[PDB]
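Take a look at this single chain, the form deposited in one PDB entry, given in structure tokens.
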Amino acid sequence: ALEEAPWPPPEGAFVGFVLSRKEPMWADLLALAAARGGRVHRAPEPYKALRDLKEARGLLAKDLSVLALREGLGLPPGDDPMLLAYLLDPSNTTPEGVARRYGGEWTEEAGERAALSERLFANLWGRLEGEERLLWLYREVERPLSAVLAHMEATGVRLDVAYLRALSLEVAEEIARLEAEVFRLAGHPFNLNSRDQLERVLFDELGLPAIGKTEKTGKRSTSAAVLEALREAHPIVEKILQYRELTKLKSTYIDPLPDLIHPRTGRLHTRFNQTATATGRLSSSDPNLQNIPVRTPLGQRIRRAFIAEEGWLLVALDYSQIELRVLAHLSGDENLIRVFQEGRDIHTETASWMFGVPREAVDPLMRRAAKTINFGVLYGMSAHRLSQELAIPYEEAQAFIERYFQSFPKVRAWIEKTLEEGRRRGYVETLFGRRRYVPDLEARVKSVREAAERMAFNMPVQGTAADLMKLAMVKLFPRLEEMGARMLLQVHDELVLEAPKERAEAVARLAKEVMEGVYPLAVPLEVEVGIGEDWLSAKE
């Protein structure tokens, strides 16, 4: 089809490339090609050939930009059909699916990938004609954001390896104590990591009551929520829960992360996936640095391992009560607007009530648990579940849900308005017009339809918060480059920056103002900021 032409391609050509593995910071570049003008250009040696491109345009452009940055090359990502497709329909998450849907096949050959990129861009650009709000999201948020994310991925974050190595040995001994006690109490050994074997021990051998079932297979559940209901029914349960806490943290964070330090940077590199969620959030993988522990004492020790370069400090910025502020703007509830114009904190107020203590007496943990309650109730938690979570009667949980919504009466009205337009249109949208298609709003099975409803009216709130965070990153990044600071991590409504010590205070003030003023709403956005040598100390 396309005519074979010699490398290098003309400027503006679409790129195709093949990696030895999905992670750009770790991949060998196996092949590189470009397409334009009815021609395909295949690079004889892909690494040297990278130097000839001025921009990465095509499928997965950010990934190639990250690998280019790793090699010390300034190759910014530009147009990417994945971003066009993701804005049309966020279920467009993979190149295999986007190709099949919009006019090609995702193969394992760079030249074909280049040609595909060119063809898909033409077609998806056609599909977005007249979709001015989606085009605004593309031009003003997603396309420039991909350059920011590429820099973040290639920079990475420093980890106190030696500290985590020592911690692993300590936690191993504590796990053995717990495992040995569980085996003694069971009367025999078994694989405590096997929920099938544990199910048999707890409910058949020890005759404990089984209060819940698993979704797909209908086994008697051994989840923490079920075990919590049995803490006093048998001493083994407590040991199991402690075993699970420690093995989760050791197997997921303590042991794996030190092995992922990159040999050239000496740092840890995540991937920020831009077309991965139904709501417009980013995701993080390989490793996921958006679920680093924070709750328990051991979790906090793990978070302390994330440190600044010597002579630098971390700056952590996190939006206050962000989805409740977004809800206030979307719904227009005067009571909820007044809450934020008055400086009130709904998480602290729920915590004080939950634990029966003055606001002053609430600590960050109790507040973070009240946060779960406030959003749980908002997005549809049942009184049955709430009464279990809070250890109160069904009747008192029922009453809490009623007063919650009676306090902000326009919220329920906004919920039902959102679902009505989602039924008529087939999608719901954020403040900026990002869409999520929810066909099951018309489902004839109530449980399916009602699950769809909770997904559907969550998306405008969570997605607007994501749009705002993304726009803030796009605005903030060039200001940080000017000041010699780095953007390292995003955790949905939070940024972790790295700044020279002498500039950390100025960077913190600037980043806070950029984030708070990203897009004025009917309520102020407030950002909490901290500075410290480690991630835990920077969020205090």
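So that there is no doubt, residue numbering starts at 1 and follows the sequence shown. Throughout, rigid core stands for the largest set of C-alpha atoms superposing within 1.5 Å between the two forms.
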Between 530-538 and 2-10 (mean CA B-factor, as deposited), the higher: 2-10
If you average the Cα B factors in the entry, which is higher, 351-359 or 96-104? 351-359
Reading the B-factor column for Cα atoms of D255, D286, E215, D345, the highest value belongs to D345
Highest-ranked of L116, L386, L314, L134 once sorted by CA temperature factor in the record: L386
Could you say whether, by C-alpha temperature factor, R139 belongs to the lowest, middle or highest third of its chain? middle
Among the chain's modelled residues, which third holds the C-alpha B-factor of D63? lowest
For the chain shown, is the CA B-factor of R51 in the lowest, middle or highest third of its modelled residues? highest
Would you check the entry's CA temperature factor for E71 and let me know if it's in the chain's lowest, middle or highest third? middle
Cα B factor band for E494 (lowest, middle or highest third within the chain): lowest
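In what follows, reference is made to the form deposited in another entry, a form of this protein that is not presented.
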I346 C-alpha shift between this form and the one not shown of 2 Å or more, rigid core reference: yes
Spell out whether the Cα of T372 moves at least 2 Å between this form and the one not shown when the two forms are superposed on their rigid core. yes
Your call: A369 and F408 CA atoms, closer or farther in that other deposited form versus the shown structure, by 3 Å or more? closer
Distance change of 3 Å or more between the C-alpha atoms of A308 and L365 in that other deposited form: closer or farther compared with this structure? farther
